file start-v9.pdb (PDB, C-alpha atoms)
ATOM      1  CA  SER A1040     194.241 -11.634 150.742
ATOM      2  CA  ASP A1060     202.639 -13.982 152.168
ATOM      3  CA  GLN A1061     201.202 -15.423 148.941
ATOM      4  CA  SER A1062     204.006 -18.012 148.695
ATOM      5  CA  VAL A1063     202.688 -19.711 151.852
ATOM      6  CA  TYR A1064     199.191 -19.791 150.319
ATOM      7  CA  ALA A1065     200.557 -21.372 147.126
ATOM      8  CA  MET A1066     202.539 -23.937 149.163
ATOM      9  CA  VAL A1067     199.547 -25.030 151.277
ATOM     10  CA  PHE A1068     197.357 -25.110 148.141
ATOM     11  CA  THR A1069     199.833 -27.416 146.348
ATOM     12  CA  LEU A1070     200.068 -29.737 149.373
ATOM     13  CA  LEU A1071     196.280 -30.014 149.713
ATOM     14  CA  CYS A1072     195.861 -30.632 145.959
ATOM     15  CA  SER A1073     198.480 -33.414 145.986
ATOM     16  CA  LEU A1074     196.786 -35.080 148.976
ATOM     17  CA  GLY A1075     193.474 -34.844 147.110
ATOM     18  CA  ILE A1076     194.995 -36.563 144.058
ATOM     19  CA  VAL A1077     196.294 -39.432 146.226
ATOM     20  CA  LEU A1078     192.892 -39.804 147.925
ATOM     21  CA  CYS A1079     191.171 -39.877 144.509
ATOM     22  CA  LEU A1080     193.459 -42.785 143.569
ATOM     23  CA  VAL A1081     192.633 -44.683 146.776
ATOM     24  CA  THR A1082     188.844 -44.216 146.399
ATOM     25  CA  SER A1083     188.848 -45.235 142.716
ATOM     26  CA  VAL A1084     190.877 -48.383 143.404
ATOM     27  CA  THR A1085     188.890 -49.465 146.489
ATOM     28  CA  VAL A1086     185.421 -49.286 144.895
ATOM     29  CA  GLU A1087     186.419 -51.481 141.930
ATOM     30  CA  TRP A1088     188.281 -53.908 144.228
TER      31      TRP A1088
END
call {"tool": "encode", "arguments": {"input": "start-v9.pdb", "output": "structure tokens"}}
result
Amino acid sequence: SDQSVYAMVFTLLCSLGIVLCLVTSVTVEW
């Protein structure tokens, strides 16, 4: 490439990735 929409979707995908990193890291050690 509105850039605000791109920043919004990027923040949402990054936050979901952080949560999924937490779930993977907990489940393997469990």
call {"tool": "atom_distance", "arguments": {"input": "start-v9.pdb", "atom1": "CA of residue 1065 (chain A)", "atom2": "CA of residue 1081 (chain A)"}}
result
24.6 Å
call {"tool": "axis_aligned_box", "arguments": {"input": "start-v9.pdb", "around": "region 1062-1081 of chain A", "padding_each_side": "4 Å", "output": "AutoDock Vina command-line options"}}
result
--center_x 197.6 --center_y -31.3 --center_z 147.7 --size_x 20.8 --size_y 34.7 --size_z 16.3
call {"tool": "atom_distance", "arguments": {"input": "start-v9.pdb", "atom1": "CA of residue 1077 (chain A)", "atom2": "CA of residue 1060 (chain A)"}}
result
26.9 Å
call {"tool": "atom_distance", "arguments": {"input": "start-v9.pdb", "atom1": "CA of residue 1082 (chain A)", "atom2": "CA of residue 1067 (chain A)"}}
result
22.5 Å
call {"tool": "build_atoms", "arguments": {"input": "start-v9.pdb", "residues": "region 1060-1084 of chain A", "atoms": "N, CA and C atoms", "output": "compact mmCIF listing (two decimals), in the coordinates of the input"}}
result
# COMPACT_ATOMS: atom_id res chain seq x y z
N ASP A 1060 201.95 -13.96 153.45
CA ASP A 1060 202.64 -13.98 152.17
C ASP A 1060 201.97 -14.98 151.22
N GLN A 1061 201.89 -14.61 149.94
CA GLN A 1061 201.20 -15.42 148.94
C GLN A 1061 201.93 -16.73 148.64
N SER A 1062 203.24 -16.78 148.90
CA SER A 1062 204.01 -18.01 148.70
C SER A 1062 203.55 -19.12 149.64
N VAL A 1063 203.21 -18.75 150.88
CA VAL A 1063 202.69 -19.71 151.85
C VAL A 1063 201.34 -20.25 151.40
N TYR A 1064 200.48 -19.37 150.85
CA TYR A 1064 199.19 -19.79 150.32
C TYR A 1064 199.36 -20.76 149.16
N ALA A 1065 200.29 -20.47 148.25
CA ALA A 1065 200.56 -21.37 147.13
C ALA A 1065 201.10 -22.72 147.60
N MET A 1066 201.96 -22.70 148.62
CA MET A 1066 202.54 -23.94 149.16
C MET A 1066 201.47 -24.83 149.78
N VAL A 1067 200.61 -24.26 150.63
CA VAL A 1067 199.55 -25.03 151.28
C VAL A 1067 198.53 -25.52 150.25
N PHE A 1068 198.26 -24.70 149.22
CA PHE A 1068 197.36 -25.11 148.14
C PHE A 1068 197.91 -26.31 147.36
N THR A 1069 199.21 -26.29 147.05
CA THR A 1069 199.83 -27.42 146.35
C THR A 1069 199.81 -28.69 147.19
N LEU A 1070 200.08 -28.56 148.50
CA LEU A 1070 200.07 -29.74 149.37
C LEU A 1070 198.67 -30.35 149.47
N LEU A 1071 197.65 -29.51 149.62
CA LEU A 1071 196.28 -30.01 149.71
C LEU A 1071 195.82 -30.64 148.40
N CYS A 1072 196.22 -30.06 147.26
CA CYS A 1072 195.86 -30.63 145.96
C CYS A 1072 196.52 -31.99 145.73
N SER A 1073 197.79 -32.13 146.14
CA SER A 1073 198.48 -33.41 145.99
C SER A 1073 197.85 -34.50 146.86
N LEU A 1074 197.48 -34.14 148.10
CA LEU A 1074 196.79 -35.08 148.98
C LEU A 1074 195.43 -35.48 148.40
N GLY A 1075 194.73 -34.52 147.78
CA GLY A 1075 193.47 -34.84 147.11
C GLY A 1075 193.64 -35.80 145.94
N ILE A 1076 194.72 -35.65 145.17
CA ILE A 1076 195.00 -36.56 144.06
C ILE A 1076 195.24 -37.99 144.57
N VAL A 1077 196.02 -38.11 145.64
CA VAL A 1077 196.29 -39.43 146.23
C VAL A 1077 195.01 -40.07 146.76
N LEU A 1078 194.15 -39.27 147.41
CA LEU A 1078 192.89 -39.80 147.93
C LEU A 1078 191.93 -40.20 146.81
N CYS A 1079 191.95 -39.48 145.68
CA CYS A 1079 191.17 -39.88 144.51
C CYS A 1079 191.61 -41.24 144.00
N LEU A 1080 192.93 -41.48 143.97
CA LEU A 1080 193.46 -42.78 143.57
C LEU A 1080 192.98 -43.90 144.50
N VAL A 1081 193.02 -43.65 145.81
CA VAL A 1081 192.63 -44.68 146.78
C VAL A 1081 191.14 -45.01 146.67
N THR A 1082 190.29 -43.98 146.54
CA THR A 1082 188.84 -44.22 146.40
C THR A 1082 188.51 -45.00 145.13
N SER A 1083 189.11 -44.59 144.00
CA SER A 1083 188.85 -45.24 142.72
C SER A 1083 189.30 -46.69 142.71
N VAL A 1084 190.43 -46.99 143.36
CA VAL A 1084 190.88 -48.38 143.40
C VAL A 1084 189.98 -49.22 144.32
